[PDB]
Amino acid sequence: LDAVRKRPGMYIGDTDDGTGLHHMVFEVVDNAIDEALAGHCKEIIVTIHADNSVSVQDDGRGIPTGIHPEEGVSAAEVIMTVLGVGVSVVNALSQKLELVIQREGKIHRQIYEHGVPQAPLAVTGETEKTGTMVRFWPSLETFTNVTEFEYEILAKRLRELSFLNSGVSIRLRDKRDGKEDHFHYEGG
Amino acid sequence: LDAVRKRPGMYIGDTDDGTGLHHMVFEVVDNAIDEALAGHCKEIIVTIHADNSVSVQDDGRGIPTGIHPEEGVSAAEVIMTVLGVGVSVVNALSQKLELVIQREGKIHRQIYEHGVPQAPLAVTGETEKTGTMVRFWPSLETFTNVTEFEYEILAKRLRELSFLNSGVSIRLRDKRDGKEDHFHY
Ligand SMILES: COC(=O)c1ccc(O)cc1O
Ligand SMILES: COC(=O)c1ccc(O)cc1O
Ligand SMILES: Nc1nc2ccccc2[nH]1
């Protein structure tokens, strides 16, 4: 990921005017929609947290968690750390990223800081649900000037996305003021 | 450098008991000694700055500044960013690293943060001198508990090295409390 860290703008866009910042969210949302679409219920939830982080949850199959035979770490870690621009860009430019995968009856958790995993992906519990949750805190060493997420930017785009993704329920919640929306197009 | 950042202990030593922290200095010094050897005056200066950083200067030839034919960046940057553990380890585990190379009549500078160059190696002026200077600020995200350099740990090792590298002058200065030593065999 050092190529990304060296010139973040080439990968995420303008790091000073808010466009790249919001692109971080959109990239994560794109992956979540792809996960959601591979299932029947299909719901993603995008939350703006009070601490300036954004989380995206889906109820898909869960990102694969087995050890990659060549890389020697979990498949999920490979996806997060090896170079849509890919979620690895988002991870690289996040001061923190929390990953929770529910899959095969197990909860898996991992934390990254600036794209560096703090520990290997760990099974920390049991669950009857499936899905992937990514919560990221954009790096304030990278994102300058505009550093807070604008609800309207996310809502406008999530609305447009709903009409191209039939059957996918998209919920948006802003924990800073309680505002929420629900975009669900059932066409097709 | 991500392999290093992921398991810093495996590359530099214990990051909690002061071991690794001091090893950072020793790695830089090894490079410096090698540079000093290949020069005329043969002196290196190790300084513990008041802001918990350490600088190592030599009067050697200056590390090569030309573009590495294969990597496409300065040879100096290749050394600082591509994996005696190598100075790239120190760079990866430093929140900041300043590189100053005096070579072929020119001063060159570059700044890294957590191993990431802030800009390409750049010519900033002219000089009659030659040598390399590296100043690093260890990452307090990596080094915990023992985070301040212990003068005596550095002194002991530099003394050992002075006997082994006879002819090379080694100065140690602590700017925190004015303490200083000169190792020369
Ligand atoms: C490749 O999968 C991902 O990156 C991802 C998947 C699901 C999700 O809710 C968020 C994500 O970032
Ligand atoms: C590659 O060399 C280095 O890392 C280096 C570091 C410090 C120094 O005084 C001289 C050097 O050559
Ligand atoms: N604060 C900070 N910035 C970083 C950039 C790359 C890797 C680790 C880092 N820690």
# chains A, B, ... in the order shown; residues from 1 in each chain; ligands from 1
$ interface_residues --of "chain A" --to "chain B" --cutoff "8 Å" --atoms "only C-alpha atoms" --output "MDAnalysis selection string"
chainID A and resid 1:2 5:6 116:118
$ residues_near_ligand --ligand "ligand 1" --cutoff "10 Å" --atoms "only C-alpha atoms and all ligand atoms" --output "PyMOL selection string"
chain A and resi 24-36+43-46+55-64+75-76+78-80+86-88+90-91+97-101+131-136
$ residues_around --residues "residue 127 in chain A" --least-positions-apart "6" --cutoff "8 Å" --atoms "only C-alpha atoms" --output "list in words"
residues 102, 103, 105, 106 and 107 of chain A
$ closest_atom_pairs --of "chain A" --to "ligand 3" --cutoff "8 Å" --atoms "only C-alpha atoms and all ligand atoms" --output "tab-separated table"
residue	atom	partner	partner_atom_place_in_ligand_line	distance
A:2	CA	ligand 3	6 (C)	8.0
A:5	CA	ligand 3	6 (C)	7.0
A:92	CA	ligand 3	6 (C)	7.6
A:95	CA	ligand 3	2 (C)	7.0
A:113	CA	ligand 3	8 (C)	6.8
A:114	CA	ligand 3	7 (C)	5.0
A:115	CA	ligand 3	7 (C)	6.9
A:116	CA	ligand 3	7 (C)	6.8
A:139	CA	ligand 3	3 (N)	7.9
A:141	CA	ligand 3	3 (N)	6.9
$ write_last_selection --atoms "C-alpha atoms" --output "mmCIF file, in the first residue's frame"
data_model
loop_
_atom_site.group_PDB
_atom_site.id
_atom_site.type_symbol
_atom_site.label_atom_id
_atom_site.label_comp_id
_atom_site.auth_asym_id
_atom_site.auth_seq_id
_atom_site.Cartn_x
_atom_site.Cartn_y
_atom_site.Cartn_z
ATOM 1 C CA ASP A 2 2.967 2.385 0.050
ATOM 2 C CA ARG A 5 0.325 6.444 0.750
ATOM 3 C CA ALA A 92 -4.514 2.784 3.516
ATOM 4 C CA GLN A 95 -6.252 6.234 10.530
ATOM 5 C CA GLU A 113 -4.453 1.619 11.602
ATOM 6 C CA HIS A 114 -3.210 3.406 8.436
ATOM 7 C CA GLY A 115 -3.698 0.111 6.629
ATOM 8 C CA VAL A 116 -1.553 -1.878 9.050
ATOM 9 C CA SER A 139 -6.797 9.804 8.118
ATOM 10 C CA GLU A 141 -2.889 13.308 7.942
#
$ residues_near_ligand --ligand "ligand 2" --cutoff "6 Å" --atoms "only C-alpha atoms and all ligand atoms" --output "MDAnalysis selection string"
chainID B and resid 28 31:32 35 56:58 63 79 87 132:134
$ write_last_selection --atoms "C-alpha atoms" --output "JSON list (two decimals), in the first residue's frame"
[["chain", "number", "residue", "atom", "x", "y", "z"],
["B", 28, "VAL", "CA", 21.73, 3.91, 11.43],
["B", 31, "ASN", "CA", 25.52, 2.51, 7.90],
["B", 32, "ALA", "CA", 27.24, 5.67, 9.04],
["B", 35, "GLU", "CA", 30.29, 5.56, 5.03],
["B", 56, "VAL", "CA", 23.71, 10.51, 12.89],
["B", 57, "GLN", "CA", 26.10, 12.37, 10.65],
["B", 58, "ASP", "CA", 29.11, 11.13, 8.73],
["B", 63, "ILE", "CA", 24.98, 8.13, -0.40],
["B", 79, "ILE", "CA", 17.58, 2.26, 0.32],
["B", 87, "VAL", "CA", 17.86, 1.55, 7.43],
["B", 132, "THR", "CA", 25.16, 11.86, 4.95],
["B", 133, "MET", "CA", 22.93, 12.86, 7.85],
["B", 134, "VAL", "CA", 19.86, 10.97, 9.04]]
$ select_by_dssp --residues "range 85-171 of chain A" --states "helix (DSSP H, G or I)" --output "PyMOL selection string"
chain A and resi 87-92+151-164
$ write_last_selection --atoms "N, CA and C atoms" --output "CSV table (one decimal), in the first residue's frame"
chain,number,residue,atom,x,y,z
A,87,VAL,N,-11.1,-1.5,-1.7
A,87,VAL,CA,-11.2,-1.1,-0.3
A,87,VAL,C,-9.8,-1.0,0.3
A,88,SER,N,-8.8,-1.6,-0.3
A,88,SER,CA,-7.4,-1.4,0.2
A,88,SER,C,-6.9,0.1,0.2
A,89,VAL,N,-7.4,0.8,-0.7
A,89,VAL,CA,-7.1,2.3,-0.8
A,89,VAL,C,-7.7,3.0,0.4
A,90,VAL,N,-9.0,2.6,0.7
A,90,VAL,CA,-9.7,3.2,1.8
A,90,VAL,C,-9.0,2.9,3.1
A,91,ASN,N,-8.6,1.6,3.3
A,91,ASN,CA,-7.9,1.2,4.4
A,91,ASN,C,-6.5,1.9,4.6
A,92,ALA,N,-5.8,2.0,3.5
A,92,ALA,CA,-4.5,2.8,3.5
A,92,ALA,C,-4.7,4.2,4.0
A,151,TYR,N,-24.1,14.7,5.2
A,151,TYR,CA,-25.2,13.8,5.0
A,151,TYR,C,-25.8,13.8,3.6
A,152,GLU,N,-26.0,15.1,3.1
A,152,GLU,CA,-26.7,15.3,1.9
A,152,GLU,C,-26.0,14.6,0.7
A,153,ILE,N,-24.6,14.7,0.7
A,153,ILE,CA,-23.8,14.1,-0.3
A,153,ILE,C,-24.0,12.6,-0.3
A,154,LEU,N,-24.1,12.0,0.8
A,154,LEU,CA,-24.3,10.5,0.9
A,154,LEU,C,-25.8,10.2,0.5
A,155,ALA,N,-26.7,10.9,1.0
A,155,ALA,CA,-28.1,10.6,0.7
A,155,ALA,C,-28.5,10.7,-0.8
A,156,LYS,N,-28.0,11.8,-1.4
A,156,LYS,CA,-28.3,12.0,-2.9
A,156,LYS,C,-27.8,10.8,-3.7
A,157,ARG,N,-26.5,10.5,-3.4
A,157,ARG,CA,-25.9,9.3,-4.1
A,157,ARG,C,-26.5,8.0,-3.8
A,158,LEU,N,-26.8,7.7,-2.5
A,158,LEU,CA,-27.4,6.5,-2.1
A,158,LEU,C,-28.8,6.3,-2.8
A,159,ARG,N,-29.5,7.4,-2.9
A,159,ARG,CA,-30.8,7.4,-3.6
A,159,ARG,C,-30.6,7.0,-5.0
A,160,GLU,N,-29.6,7.6,-5.7
A,160,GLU,CA,-29.4,7.3,-7.1
A,160,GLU,C,-29.0,5.8,-7.2
A,161,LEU,N,-28.2,5.3,-6.3
A,161,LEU,CA,-27.8,3.9,-6.3
A,161,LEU,C,-28.9,2.9,-6.2
A,162,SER,N,-29.9,3.3,-5.3
A,162,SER,CA,-31.1,2.4,-5.1
A,162,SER,C,-31.8,2.0,-6.4
A,163,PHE,N,-32.0,2.9,-7.3
A,163,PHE,CA,-32.6,2.6,-8.5
A,163,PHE,C,-31.9,1.7,-9.5
A,164,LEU,N,-30.6,1.6,-9.4
A,164,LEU,CA,-29.8,0.7,-10.2
A,164,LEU,C,-29.6,-0.7,-9.5
$ closest_residue --among "B:51, B:93, B:152, B:62" --to "residue 127 in chain B" --atoms "only C-alpha atoms"
B:62
$ atom_distance --atom1 "CA of residue 90 in chain B" --atom2 "CA of residue 135 in chain B"
10.5 Å
$ residues_around --residues "residue 170 in chain B" --least-positions-apart "4" --cutoff "6 Å" --atoms "only C-alpha atoms" --output "JSON, numbers by chain"
{"B": [43, 44, 45, 182, 183]}
$ write_last_selection --atoms "C-alpha atoms" --output "short mmCIF file (atom, residue, chain, number, x, y, z; two decimals), in the first residue's frame"
data_model
loop_
_atom_site.label_atom_id
_atom_site.label_comp_id
_atom_site.auth_asym_id
_atom_site.auth_seq_id
_atom_site.Cartn_x
_atom_site.Cartn_y
_atom_site.Cartn_z
CA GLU B 43 34.10 10.89 11.78
CA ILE B 44 30.50 10.25 12.75
CA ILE B 45 28.46 12.32 15.19
CA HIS B 182 34.36 10.90 22.13
CA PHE B 183 35.26 7.40 21.15
#
$ atom_distance --atom1 "CA of residue 165 in chain B" --atom2 "CA of residue 29 in chain B"
11.9 Å
$ residues_around --residues "residue 40 in chain B" --least-positions-apart "3" --cutoff "9 Å" --atoms "only C-alpha atoms" --output "PyMOL selection string"
chain B and resi 36-37+43+59-61
$ write_last_selection --atoms "N, CA, C and O atoms" --output "PDB file, in the first residue's frame"
ATOM      1  N   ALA B  36      31.745   6.397   6.739  1.00  0.00           N
ATOM      2  CA  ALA B  36      32.877   7.108   7.256  1.00  0.00           C
ATOM      3  C   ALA B  36      34.180   6.448   6.894  1.00  0.00           C
ATOM      4  O   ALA B  36      35.130   7.120   6.627  1.00  0.00           O
ATOM      5  N   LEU B  37      34.192   5.129   6.859  1.00  0.00           N
ATOM      6  CA  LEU B  37      35.347   4.356   6.518  1.00  0.00           C
ATOM      7  C   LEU B  37      35.858   4.644   5.162  1.00  0.00           C
ATOM      8  O   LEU B  37      37.036   4.671   4.963  1.00  0.00           O
ATOM      9  N   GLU B  43      34.780  10.517  10.572  1.00  0.00           N
ATOM     10  CA  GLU B  43      34.102  10.891  11.783  1.00  0.00           C
ATOM     11  C   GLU B  43      32.582  10.783  11.619  1.00  0.00           C
ATOM     12  O   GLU B  43      32.069  11.123  10.612  1.00  0.00           O
ATOM     13  N   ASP B  59      31.002  12.037   7.597  1.00  0.00           N
ATOM     14  CA  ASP B  59      31.734  12.838   6.622  1.00  0.00           C
ATOM     15  C   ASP B  59      32.197  11.977   5.464  1.00  0.00           C
ATOM     16  O   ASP B  59      33.225  12.239   4.848  1.00  0.00           O
ATOM     17  N   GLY B  60      31.411  10.992   5.132  1.00  0.00           N
ATOM     18  CA  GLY B  60      31.684  10.137   4.021  1.00  0.00           C
ATOM     19  C   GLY B  60      31.424  10.757   2.651  1.00  0.00           C
ATOM     20  O   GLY B  60      31.276  11.916   2.533  1.00  0.00           O
ATOM     21  N   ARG B  61      31.322   9.939   1.639  1.00  0.00           N
ATOM     22  CA  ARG B  61      31.142  10.402   0.276  1.00  0.00           C
ATOM     23  C   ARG B  61      29.736  10.890  -0.062  1.00  0.00           C
ATOM     24  O   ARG B  61      29.516  11.540  -1.045  1.00  0.00           O
TER      25      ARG B  61
END
$ residues_around --residues "residue 4 in chain A" --least-positions-apart "6" --cutoff "9 Å" --atoms "only C-alpha atoms" --output "ChimeraX atom specification"
/A:10-12,83,89,92-93
$ write_last_selection --atoms "C-alpha atoms" --output "PDB file, in the first residue's frame"
ATOM      1  CA  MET A  10      -3.850   9.603  -7.643  1.00  0.00           C
ATOM      2  CA  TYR A  11      -6.014   6.889  -5.969  1.00  0.00           C
ATOM      3  CA  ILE A  12      -8.852   8.593  -4.063  1.00  0.00           C
ATOM      4  CA  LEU A  83      -3.585  -3.118  -4.224  1.00  0.00           C
ATOM      5  CA  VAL A  89      -7.103   2.269  -0.792  1.00  0.00           C
ATOM      6  CA  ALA A  92      -4.514   2.784   3.516  1.00  0.00           C
ATOM      7  CA  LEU A  93      -5.962   6.270   3.919  1.00  0.00           C
TER       8      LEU A  93
END
